[PDB]
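See structure below.
Remember, it's 1-based here, ligands and their atoms both numbered in the order they're listed. In what follows, chains are A, B, ... by sequence order, proteins preceding strands, each numbered from 1. No hydrogens, no waters, no symmetry mates; every other heavy atom, side chains included, goes into these values.
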There are 2 protein chains.
Amino acid sequence: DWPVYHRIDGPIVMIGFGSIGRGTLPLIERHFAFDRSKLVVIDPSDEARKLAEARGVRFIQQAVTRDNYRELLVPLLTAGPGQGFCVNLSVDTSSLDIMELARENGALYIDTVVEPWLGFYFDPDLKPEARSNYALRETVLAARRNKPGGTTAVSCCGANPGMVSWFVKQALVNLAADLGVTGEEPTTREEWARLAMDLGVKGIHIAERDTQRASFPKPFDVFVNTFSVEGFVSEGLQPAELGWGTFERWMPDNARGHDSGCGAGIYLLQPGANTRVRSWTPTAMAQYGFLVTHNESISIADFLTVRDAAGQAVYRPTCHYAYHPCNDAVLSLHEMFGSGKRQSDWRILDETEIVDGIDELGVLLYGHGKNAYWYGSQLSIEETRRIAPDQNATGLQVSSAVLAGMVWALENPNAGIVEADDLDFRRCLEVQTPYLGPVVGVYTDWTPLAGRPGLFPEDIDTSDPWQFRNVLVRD
Amino acid sequence: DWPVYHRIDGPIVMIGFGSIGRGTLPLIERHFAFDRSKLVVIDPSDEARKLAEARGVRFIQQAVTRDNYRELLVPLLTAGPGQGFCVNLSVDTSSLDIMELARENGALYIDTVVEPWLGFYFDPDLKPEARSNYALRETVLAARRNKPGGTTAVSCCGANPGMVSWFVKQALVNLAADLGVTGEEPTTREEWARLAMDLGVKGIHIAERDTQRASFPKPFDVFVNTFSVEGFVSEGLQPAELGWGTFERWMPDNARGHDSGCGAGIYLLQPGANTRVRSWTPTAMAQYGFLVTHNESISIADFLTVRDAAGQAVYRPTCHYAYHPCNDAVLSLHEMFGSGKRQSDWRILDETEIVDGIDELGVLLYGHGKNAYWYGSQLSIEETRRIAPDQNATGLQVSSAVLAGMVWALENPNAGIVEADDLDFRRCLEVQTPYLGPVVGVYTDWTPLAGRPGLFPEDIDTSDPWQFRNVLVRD
Ligand SMILES: NC(=O)c1ccc[n+]([C@@H]2O[C@H](COP(=O)([O-])OP(=O)(O)OC[C@H]3O[C@@H](n4cnc5c(N)ncnc54)[C@H](O)[C@@H]3O)[C@@H](O)[C@H]2O)c1
Ligand SMILES: NC(=O)c1ccc[n+]([C@@H]2O[C@H](COP(=O)([O-])OP(=O)(O)OC[C@H]3O[C@@H](n4cnc5c(N)ncnc54)[C@H](O)[C@@H]3O)[C@@H](O)[C@H]2O)c1
């Protein structure tokens, strides 16, 4: 008795059939009506081909490249009779170029990252700033300015970026209610931004702890993760990056801003997966997270910016990832950065290989009158296995978020290029929540200055515990 | 047919019966002749009591403290008929005070660390310099000056500090042959220092990689290690510390020296178990180690110091620990520092819980004509079980070193206060080698600049790859 949300009146082209594609395909088949032969999967991998053949879906074993993407995707997306849907869950392909092609041809589009064409991330002719997610996001914002309106294309609608934007909205509404502030839920961007300002939210961590454990010990010289290894390593080697709040009064010497764009970002001249921050989640309590760059770090800070009449920002929250991956990924990062190079092999943990654990993923709003508030999902691998096949808990949070964005795009098909912060957060969470396990809000009195200073001198700001000065792990 | 080296006619007083005591006692019973009833074990824990009772050995369930150690230990050391042997394998006791008591009463003494009385490691009034192993070692050096000669007391004779001092001497001999350096084998401290200078040894890593894996996944909120958790955490929270070589051109801003003493060391105003360094071992290849303070970092650099007539140091190698512990300890450190406090529970892995792996422990001599040379032990858990009971591979490298130090002290019982660098390294390795598994020398062309600079600017010294400026990892 699963709900069927909408009929798709055209081709469904899934680009990429890795961990997320494999988890999303069953949800698409479950929740949408369409003729079976309308759906086709594109992935160059032989392992992906064999899995698709076993599931009985059409499969085209090809890499989408800058050279072929028009000749390949335009016929597939315009096969008729009506509007198709491009579901982009790949690596090494330009989200912007495919998004623009889909829009030119009237097809809906969704992805989970602003990915560039193969060769971008390690091109030595690029300055660190050009490798930032801020710069990639600005290409999408410029595309929206150049062609406002038109067919809906949802950028960066996964678990994070994606779902966490909806959690921020629900958390802000919950904070206001827990303070006795009633009525008038925000409906415009400026109203959301002023709610965060008015409640005194200084910053937001994307506070995640993955406790999924494997049935085999970590193999030497193998990178192990619960989702894309190539994707995670690629983003881990990008500069550490954060949305930068107006309350901050210190940044590292190797921090830099941007000459252009929305104004909400800084980056550090060091890899994010080797940069630690002090953070907190309900199950982990105090923990280190890695400051891996993510689209929502910028987009959430941008969304919640209040400007004056002159257009200058007067309020903006800090926002960044504080990611504690599964234990085998922690070991994998230690191995990779300690050897100076990528391991010779890698593997993504299948649900059949996971003995227990959860993916605790939420937002940590701090600086307000109740200090810190964590809101998000505590989905376990055991619950995952009972409600959705072919994925672990990490994957289900992502694939259910793509499902939600697809429902929203089908229900709002003339909205133009949108981010997760632009969607109806209540409708999206209504679609996604059956796949999120426990969704809870927890207050804590912890701050980054708990237990500090210790036995060594430290550079801290005791008048403001949540300053980045105190969060960043430094010598 | 294990060799029985000597008969011990006096009391054998073992202070502490933890992981090392439990591995050393069977070796003492195997390799020395004596009546079992002259053994006495002192330990405050019930777990130790039951283990000692299971071996039918006399047990005293007491913590040795500053308030009771004289009245508790003097009768035991002087019970006769022969000369006593105090084997100190404890935590929370003063190595110096117990050592001086033993010498005062004509009893031999051996320990594996310069330990202070309980309370020192976390006294909030102590300046960081006073919490350094340099300072603790200076208390032993002063005792030797104040009372030269006399009954032999062996300070810091475990695997590291201890065995690695003998590896350094053998490695210097191997390097001299391979580099064509001619001359008689050195037989005095000055001649060893001169050999290291003449070979161009810029520095030495105590380069260790523990690959022992457990049969169960790491539990949350449990520190897991292959030896003393309390001792490892205590030394991990002391300042990072190293012997400081004359070739070094740079030290970090938070580095500090010493106004008095042998002059061979610096320390950093940060905990050593959260300080990473770039290093290398044969099985690990390039890896991160932690810069945990160790007595041998100072003692080896001091031993290999060449002075001019004025008394000023003209050559000294850098020397420090570069320790990659077992995977569960790596996770335990990330957990402990990430939370800001010790875990609620801890456990030491038993040989029955270890499924495979080795304790690769050696010395990496670098800066010479063949770049870098690693010499040491690759003892596996499988070999350990075949040759010695009640311990893992980490433990056996330590207990066999205590055995070797005991044999040397019996054959040299009036040598005064001595460090491992002062013992006859060939005789000690003759006793220890049956318990070390493969002992190999390996050259490598790896340097700390391999693959650098990369995607980001780095504060490196391209003129000399082995500078500490290139080894230390900045966060
Ligand atoms: N927003 C989020 O929450 C979130 C979470 C996880 C992953 N992601 C992103 O989703 C994407 C997929 O993650 P994943 O775990 O499935 O990764 P994955 O590595 O498992 O799978 C990637 C797939 O892309 C395919 N591929 C490679 N080059 C291709 C090309 N040129 N054309 C088509 N396909 C190609 C590969 O064969 C592979 O099957 C990644 O880009 C990742 O960054 C987003
Ligand atoms: N040099 C080396 O290679 C090396 C290697 C490992 C350990 N060590 C050192 O050896 C020592 C023993 O290590 P371990 O692994 O056996 O430690 P452990 O923690 O396993 O055991 C310590 C024992 O000391 C006992 N103890 C505590 N307080 C005491 C007191 N006041 N008097 C007497 N006993 C007391 C405890 O009850 C326990 O049984 C530690 O100090 C450690 O730092 C040296």
Residue part near ligand 2, for [X], under 4.0 Å between non-hydrogen atoms:
{"X": "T112(B)", "answer": "both"}
{"X": "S19(B)", "answer": "both"}
{"X": "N160(B)", "answer": "both"}
{"X": "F232(B)", "answer": "neither"}

Short N or O distance, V64(A) and ligand 1, threshold 3.5 Å exclusive: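 Checking ligand 1 against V64(A), an N or O pair does fall under 3.5 Å apart.
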
Examine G21(A) against ligand 1 and note whether any of their N/O atoms are separated by less than 3.5 Å.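 No, since none of the N or O atoms of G21(A) sits under 3.5 Å from an N or O of ligand 1.
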
What protein heavy atom lies closest to [atom]? Include the residue and the distance to one decimal.
{"atom": "atom 6 (C) of ligand 2", "value": "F227(B) CD1, 3.8 Å"}
{"atom": "atom 4 (C) of ligand 1", "value": "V398(A) CG1, 4.1 Å"}
{"atom": "atom 12 (C) of ligand 2", "value": "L89(B) O, 3.4 Å"}
{"atom": "atom 21 (O) of ligand 2", "value": "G18(B) CA, 3.2 Å"}
{"atom": "atom 39 (O) of ligand 2", "value": "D43(B) OD2, 2.4 Å"}

Please examine the side chains of [Y] and [X], heavy atoms only from C-beta on, and report whether any two atoms are closer than 4.5 Å.
{"X": "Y109(B)", "Y": "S95(B)", "answer": "yes"}
{"X": "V87(B)", "Y": "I15(B)", "answer": "no"}
{"X": "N295(B)", "Y": "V113(B)", "answer": "no"}

Shortest non-hydrogen contact from [X] toward [Y]:
{"X": "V91(A)", "Y": "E230(A)", "value": "CG2-OE1, 3.8 Å"}
{"X": "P26(A)", "Y": "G23(A)", "value": "CG-O, 3.4 Å"}
{"X": "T226(B)", "Y": "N392(B)", "value": "O-ND2, 3.0 Å"}
{"X": "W346(A)", "Y": "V222(A)", "value": "CA-CG1, 3.9 Å"}

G231(B) N/O to ligand 2 N/O under 3.5 Å: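 Among all N and O atoms of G231(B), none is under 3.5 Å from an N or O of ligand 2.
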
Regarding ligand 2, does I348(B) bring an N or O atom to under 3.5 Å of one of the ligand's N or O atoms?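 Such a contact does not occur with ligand 2.
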
Whether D111(B) side chain and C156(B) backbone form a donor-acceptor pair below 3.5 Å: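 The answer is yes, because a donor-acceptor pair under 3.5 Å joins these two groups.
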
With no hydrogens and no angle check, is any side-chain donor or acceptor of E115(B) less than 3.5 Å from a backbone partner on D92(B)?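 Yes, the answer is positive, given that a donor and an acceptor are paired below the 3.5 Å cut-off.
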
Closest by any non-hydrogen atom to [atom]: pick that one out of [options].
{"atom": "atom 11 (C) of ligand 1", "options": "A48(A), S90(A), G158(A), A420(A)", "result": "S90(A)"}
{"atom": "atom 18 (P) of ligand 2", "options": "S399(B), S234(B), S228(B)", "result": "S228(B)"}
{"atom": "atom 29 (C) of ligand 1", "options": "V91(A), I15(A), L51(A)", "result": "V91(A)"}
{"atom": "atom 26 (N) of ligand 1", "options": "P44(A), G16(A), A63(A)", "result": "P44(A)"}

Using a strict cut-off of 4.0 Å, indicate which atoms of ligand 1 neighbour a heavy atom of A159(A).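 Contacts of ligand 1 toward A159(A), numbered from 1: 1 (N), 2 (C), 3 (O).
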
Atom indices of ligand 1 within 4.0 angstrom of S45(A) heavy atoms, with elements: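 In order of number, 37 (O).
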
Determine, for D390(A) against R55(A), whether the closest basic-nitrogen to carboxylate-oxygen distance falls under 4.0 angstrom.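 So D390(A) pairs with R55(A) through a salt bridge.
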
Which residue pairs satisfy the salt bridge (charged side-chain N to carboxylate O under 4.0 Å, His left out) criterion with at least one member in residues 39-48 of chain B, sequence neighbours excluded?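 Qualifying pairs: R22(B)-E47(B), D46(B)-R49(B).
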
Begin from the C-alpha positions of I12(A) and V40(A) and carry the test side-chain contact (heavy atoms from CB on, under 4.5 Å) through to its verdict. CA-CA 6 Å; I12(A) 301 161; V40(A) 56; over 6 Å; no

Excluding sequence neighbours, so at least two apart, what forms salt bridge (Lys or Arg N to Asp or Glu O under 4.0 Å) with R58(B)?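 Applying salt bridge (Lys or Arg N to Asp or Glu O under 4.0 Å) to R58(B) gives none.
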
State the atoms of ligand 2, each with its element, that fall below the 4.0 Å cut-off from a heavy-atom position in [X].
{"X": "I20(B)", "result": "13 (O), 14 (P), 15 (O), 16 (O)"}
{"X": "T93(B)", "result": "30 (C), 31 (N), 32 (N)"}
{"X": "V113(B)", "result": "41 (O)"}

Tell me, please: is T65(A) in heavy-atom contact with ligand 1, that is, under 4.0 Å?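 Contact check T65(A) vs ligand 1: negative.
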
Quick one: does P161(A) get a heavy atom under 4.0 Å from ligand 1?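 In this structure, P161(A) qualifies as a contact of ligand 1 - some heavy atom is under 4.0 Å.
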
Angle between ring planes, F227(A) versus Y323(A), binned at 30° and 60°: parallel, tilted or perpendicular?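 Rings of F227(A) and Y323(A): tilted, as their planes differ by 30° to 60°.
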
